[PDB]
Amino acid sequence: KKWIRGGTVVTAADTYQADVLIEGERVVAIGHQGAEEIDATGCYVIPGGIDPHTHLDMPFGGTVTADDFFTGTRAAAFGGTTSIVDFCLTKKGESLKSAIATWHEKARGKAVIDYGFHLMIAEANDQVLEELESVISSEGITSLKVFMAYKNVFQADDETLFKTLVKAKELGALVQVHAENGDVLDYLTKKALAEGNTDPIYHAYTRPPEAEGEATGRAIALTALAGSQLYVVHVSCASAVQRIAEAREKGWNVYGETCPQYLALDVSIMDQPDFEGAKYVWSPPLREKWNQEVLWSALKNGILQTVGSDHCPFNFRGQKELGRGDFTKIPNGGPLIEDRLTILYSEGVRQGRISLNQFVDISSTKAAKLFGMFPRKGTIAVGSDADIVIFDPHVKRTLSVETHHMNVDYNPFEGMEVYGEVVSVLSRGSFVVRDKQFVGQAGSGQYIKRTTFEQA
């Protein structure tokens, strides 16, 4: 038994002042009038972040991502996030269970906060189409990623894409896509080398917005044809929001996600001199600052509805260095998991782009309702896991590597001045972070078995 009193609680809908009362793992009562007191006067009390886009301990390049399931989830916790959903990678000619098996073992004993999996799909031949039944019922997985890019590495063709969509329809699974046209990026990529333009800046100009716009449109069209449901990850540009908007107007179930770096960084930052740009090499690439406004408008009027990190990080030394000679080899990815919550707060709420209620919905709730974790996760209500987060909106602080908790040598928002700080984080009503201290234990994270798809 724990007792948060003095708090002003904020949810996707509500904003009020009241004591919440945790017992065991769950919120149990809320209101006025022997248990561990915890004072939250003047702080906001909010549901735990959920970050539906993670790659902890992933291979990409001949190397692996810096954070593991321990360092990763700690950093998430430190930065306000209580549940992640990571991407389990399948390998063509591929016992689907032996993949999942591997991703469980990647977490077991390391994770400190709760976590679920998405399942990647590489080919959709009969073998795989079969296993999918077992996994959705037995293995607690109900969302499926197909990459339309990374040619000859993760890329699916329209066939796989469609078959998966129709099966997803049949089973109750959310298909997710990385919507860039592999084929056109490859050419532009191999051409930019032909000409000897090998700086990291050309990672950005070798995958122009028109190519995200295109795959997004495409993946939407099949969804339409299939009668299934879509969730485009990491929408970075206007070309794509446009296509998403358009379909949602016709009433199809298409969904949208961004990350902070597309809300708060632009391409100019890549054009820097000493390989500094490689700090920004990730896919889709950063975009002209015009786009940030559109992405934000989308979040505000409910056109995009979730935000994730696509945390997938590599050290500037040794790892990002892997391709000084050429940007093909820079392992694509950023360290984004920790600051996500608070840049949403500071750049969005604090400067009048979204409401405080929307800030919760965008970072926590809506992701739960789309990924089948609701109401166990993503709200403060009676019954819900006590993934609470006490949050001080008044702090002014500067984001830096010197002070972040991710296991990486840099921070892409380095030097950015920001409001708001995470004071303490509960996970199922145990402290993971208290007064800004890691009091958690590795292995305390539980897998979350998610339910099948349902609307919002």
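Sequential numbering from 1, following the sequence displayed.
Chemist: Does the chain run continuously from residue 33 to residue 34, or are deposited residues unmodelled in between? Answer none, 1 to 3, 4 to 9, or 10 or more.
Modeler: 4 to 9 residues are missing.
Chemist: Which is higher in the entry, the mean Cα B factor of 194-202 or that of 285-293?
Modeler: So the stretch with the higher mean C-alpha B-factor is 194-202.
Chemist: Which of the two stretches, 80-88 or 93-101, shows the higher mean Cα temperature factor in the record?
Modeler: Between 80-88 and 93-101, it is 93-101.
Chemist: If I read the C-alpha B-factors straight from the PDB entry, which of 211, 135, 161, 336 is highest?
Modeler: Spelled out: the listed residue with the top C-alpha B-factor is 135.
Chemist: By the entry's C-alpha temperature factors, tell me which of 216, 229, 328, 258 sits highest.
Modeler: Of 216, 229, 328, 258, 328 has the highest C-alpha B-factor.
Chemist: Grab the CA temperature factor for residue 414 from the record and place it in the lowest, middle or highest third of its chain.
Modeler: Middle third - that is where residue 414 ends up once the chain's C-alpha B-factors are sorted.
Chemist: Going by the recorded CA B-factors, say which third of the chain residue 114 sits in, lowest, middle or highest.
Modeler: For residue 114, whose C-alpha B-factor we compare with every modelled residue in the chain, the answer is the middle third.
Chemist: Based on the deposited C-alpha B factors for this chain, I'd like to know if residue 350 is in the lowest, middle or highest third.
Modeler: It belongs to the highest third of the chain when residues are ordered by C-alpha B-factor.
Chemist: Quick check on the deposited entry: does the C-alpha B-factor of residue 362 sit in the lowest, middle or highest third of its chain?
Modeler: For residue 362, the deposited C-alpha B-factor lands in the lowest third.
Chemist: Hey, what third does residue 385 fall into on Cα B-factor, ranked over its chain?
Modeler: It falls in the middle third of the chain.
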